[PDB]
Amino acid sequence: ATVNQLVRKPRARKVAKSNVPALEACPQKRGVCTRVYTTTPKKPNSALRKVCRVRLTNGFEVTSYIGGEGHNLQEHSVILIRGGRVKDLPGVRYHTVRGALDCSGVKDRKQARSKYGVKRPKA
Amino acid sequence: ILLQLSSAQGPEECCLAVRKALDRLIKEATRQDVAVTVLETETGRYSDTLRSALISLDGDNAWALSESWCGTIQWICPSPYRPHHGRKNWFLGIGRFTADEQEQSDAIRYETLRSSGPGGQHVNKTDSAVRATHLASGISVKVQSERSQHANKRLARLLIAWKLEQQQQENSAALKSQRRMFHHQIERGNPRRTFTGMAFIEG
Amino acid sequence: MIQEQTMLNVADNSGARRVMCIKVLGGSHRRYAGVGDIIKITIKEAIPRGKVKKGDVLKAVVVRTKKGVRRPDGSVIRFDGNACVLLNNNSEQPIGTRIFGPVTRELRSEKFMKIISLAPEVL
RNA sequence: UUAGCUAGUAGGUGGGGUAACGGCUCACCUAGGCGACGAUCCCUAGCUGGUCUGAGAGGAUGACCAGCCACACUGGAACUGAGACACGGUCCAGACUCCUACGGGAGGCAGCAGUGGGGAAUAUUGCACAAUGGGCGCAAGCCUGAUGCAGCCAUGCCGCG
RNA sequence: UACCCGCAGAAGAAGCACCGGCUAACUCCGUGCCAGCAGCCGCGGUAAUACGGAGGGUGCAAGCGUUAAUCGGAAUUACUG
RNA sequence: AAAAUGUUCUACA
Ligand SMILES: [Mg+2]
Ligand SMILES: [Mg+2]
Ligand SMILES: [Mg+2]
Ligand SMILES: [Mg+2]
Ligand SMILES: [Mg+2]
Ligand SMILES: [Mg+2]
Ligand SMILES: [Mg+2]
Ligand SMILES: [Mg+2]
Ligand SMILES: [Mg+2]
Ligand SMILES: [Mg+2]
Ligand SMILES: [Mg+2]
Ligand SMILES: [Mg+2]
Ligand SMILES: [Mg+2]
Ligand SMILES: [Mg+2]
Ligand SMILES: [Mg+2]
Ligand SMILES: [Mg+2]
Ligand SMILES: [Mg+2]
Ligand SMILES: [Mg+2]
Ligand SMILES: [Mg+2]
Ligand SMILES: [Mg+2]
Ligand SMILES: [Mg+2]
Ligand SMILES: [Mg+2]
Ligand SMILES: [Mg+2]
Ligand SMILES: [Mg+2]
Ligand SMILES: [Mg+2]
Ligand SMILES: [Mg+2]
């Protein structure tokens, strides 16, 4: 607080760590689904959340969320992950990008399509 | 063939569901000419509820039945044990295991040699230890805990018997471990089949 | 003139620096391997990132000996040390892609023509 | 949670050396020099004008454009020269690629395009020296992937439909 | 080439996100703690403005969302403070 | 004097 104290040892800034470290400050990373499975959300939610254990090009082995209804992902599927935590699944800090490199778009979806990789339906 | 009806980690309603799905599978096997026999049967808090069940089937039609039932069984019923619980999707697991083993034949083969840790002239020279080997097993013992060949050979017979008995025991114990681990790998989601109501009314 | 326990240098770039002959192949009670002879080796020393690893058991062809080789005119060619080329157990083709130091004409045979071609100099 | 570091080290004399001062170097002498006002060591990093943000103070940052530095396959070295220890010079060594008659040779896109690879991701193997600038030349002119342009991309800003 | 002039004809040219609170914009249907959503608070277990579709609406618009990243909000390292 | 534990989510601007 004293000016002398600050001169001797200045205000040390709080270092902030990333909550998406496996992206290594990249908007997305390509990875391979080492396995595709379902898990249970923590309290108070209830579902099978669909997740993929994915090995990225940068070596990280992370768990990613597979959003939307239904997916075609299997093992050895090459997907993009974009980051963004799924709150009620602990330890799931990345989302799979729907419509990227192996992951299909969500079938028969009509609104918020760009969020799920769905082409504009034609009439 | 050797299905395992389990309520995974689900509550007394999942146990009741295991008891009702077991009955439903009984009825389907009977109408489809398959016989069902309970082998291991663990119950929940209530006697009519089934914590788990082990089932033996029979025939080629048994495979079709096991394929129609293996997976997650979902029961849509409001709890009869908790009045206004809210959860109504008790999930089961049905999974075949095939805990089968063959009784490898008594084809022991004996080779009698000197003993290790001799202690004496007549011992240094006599051949009294008996090394027994079970053919088509891989079990080789060496008994030398007696003064004479013949006692060692008899102990070697008993010890081959006992080592096959263990081989049986670790085999059955690994099946035990697999069967409980089934109780933790039951995804309480995508149901192979869904039954509703208090009377399992559909399939 | 190589026997069991003999340490050879490695005339290729497979990664090994030192190997030990653990078997002279091709005959019961066979004592020595000269140049051109296939020996069984265990790798005692290897570079950190090479095709072969320390403790690997594989084959090798002796290419230089300190005992030397005799020629039909009675001449002898000796080398300052013993050296071998690592070979695959089954194919008996060299593992490395580069042959270091000179080799000799006794390798001129369809089994090791690849070694002969890759060698910088053939005495 | 690196506290001690330093022997050409610090200084002096003299000789040598440099375009020039100088431990720059050498010989000898002295025993110093740096360090809590952080030396040494470790990790990270081109620096700046600036850029973004912020009311500001600050925080973050250094892509483009411009100044400076450094590097030119890796490690060294000098030569030539006003200027280099020199991207498209030399010599040596090394790794890699290639040629070979096996003796021995060749090469270096971090120039512009382009290819493969890596990657979430970043473009054409374009036109022209007409302009500006540069080298050489008395000049004409030649050369100039600088540059001017054009191609591709909503990548951004702005305008319009 | 810019630019100008003439010709034809509305022709050739609108999407993206959102609509429980924060935060501008609400209803119906489907679904029934499932499927799913989610930045946080939280939604969903039959009357869901929160899921998915539709109608409507809101915000932006040749862009719109998401992700990453920095600062801000954070007086949350405070010299200002 | 001695007296341990307790099931579950719970609705209502
Ligand atoms: Mg929407
Ligand atoms: Mg005794
Ligand atoms: Mg005797
Ligand atoms: Mg001087
Ligand atoms: Mg650097
Ligand atoms: Mg402020
Ligand atoms: Mg390079
Ligand atoms: Mg060099
Ligand atoms: Mg000169
Ligand atoms: Mg330089
Ligand atoms: Mg070049
Ligand atoms: Mg290039
Ligand atoms: Mg490429
Ligand atoms: Mg690639
Ligand atoms: Mg192209
Ligand atoms: Mg010109
Ligand atoms: Mg030219
Ligand atoms: Mg544009
Ligand atoms: Mg509102
Ligand atoms: Mg939504
Ligand atoms: Mg309800
Ligand atoms: Mg409804
Ligand atoms: Mg909403
Ligand atoms: Mg911030
Ligand atoms: Mg601040
Ligand atoms: Mg207790």
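Every chain is numbered from 1 and lettered A, B, ... according to where its sequence line falls, protein lines coming before strand lines.
In the set E:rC79, E:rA38, E:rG36, the nucleotide with an atom closest to the side chain of A:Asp88 is E:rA38. Distance from the side chain of A:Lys110 is smallest to E:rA54 among E:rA54, E:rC79, E:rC43. With distances taken from any side-chain atom of A:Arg85 to the nucleotides E:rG36, E:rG45, E:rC40, the minimum falls on E:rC40. For A:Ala47, the side-chain atoms get nearest to E:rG36 when compared with the rest of E:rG45, E:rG36, E:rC40.
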Checklist outcome for this item: Per-nucleotide protein contact along nucleotides 58-73 of chain E, 5' to 3', at a 4.0 Å heavy-atom cut-off (B base, S sugar-phosphate only, - neither), is -------SSBSS----

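A salt bridge does not link B:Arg24 with B:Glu202: none of the charged nitrogens is closer than 4.0 Å to a carboxylate oxygen. Ion pairing between a basic and an acidic side chain is recognised when a charged N comes within 4.0 Å of a carboxylate O; A:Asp88 and A:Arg49 show such pairing.
Using a cut-off of 5.5 Å between ring centres and 30° between planes, the six-membered base rings of D:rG11 and D:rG12 qualify as stacked. Both conditions, centre separation below 5.5 angstrom and plane angle below 30 degrees, do not jointly hold for the six-membered rings of E:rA75 and E:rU76.
Atom P of nucleotide E:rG15 and atom CZ of A:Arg113 are separated by 9 Å, given to the nearest angstrom. Rounded to whole Å, the distance from CZ on A:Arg8 to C1' on E:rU77 is 16 Å.
A cation-pi arrangement, defined by a distance under 6.0 Å to the six-membered ring centre and an angle within 45 degrees of its axis, is present between A:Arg35 and A:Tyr37. In this structure, A:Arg109 is positioned above the aromatic face of A:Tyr116, its NZ or CZ under 6.0 Å from the six-membered ring centre and within 45° of the axis. Geometrically, B:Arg193 engages B:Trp69 in a cation-pi contact defined by less than 6.0 Å to the ring centre and at most 45° from the axis.
Spacing of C1' atoms, E:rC51 relative to E:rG36, comes out at 5 Å, to the nearest Å. A distance of about 10 Å separates the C1' atoms of D:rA10 and D:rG23, rounded to the whole Å. Using P as the reference atom, E:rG44 and E:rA24 are 22 Å apart when rounded to the nearest Å.
Protein chain A contacts RNA chain D over a range whose 5' and 3' limits, counting nucleotides with an atom under 4.0 angstrom from a non-hydrogen atom, are D:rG59 to D:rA120.
Between the side chain of A:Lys14 and the base of E:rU77, no donor-acceptor pair of N or O atoms lies under 3.5 Å.
For F:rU8, the OP1/OP2 oxygens have no side-chain nitrogen or oxygen of B:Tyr81 closer than 4.0 Å.
Taken together, D:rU122 and D:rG133 fail the test for a Watson-Crick or G-U wobble pair, since the two needed distances are not both under 3.5 Å.
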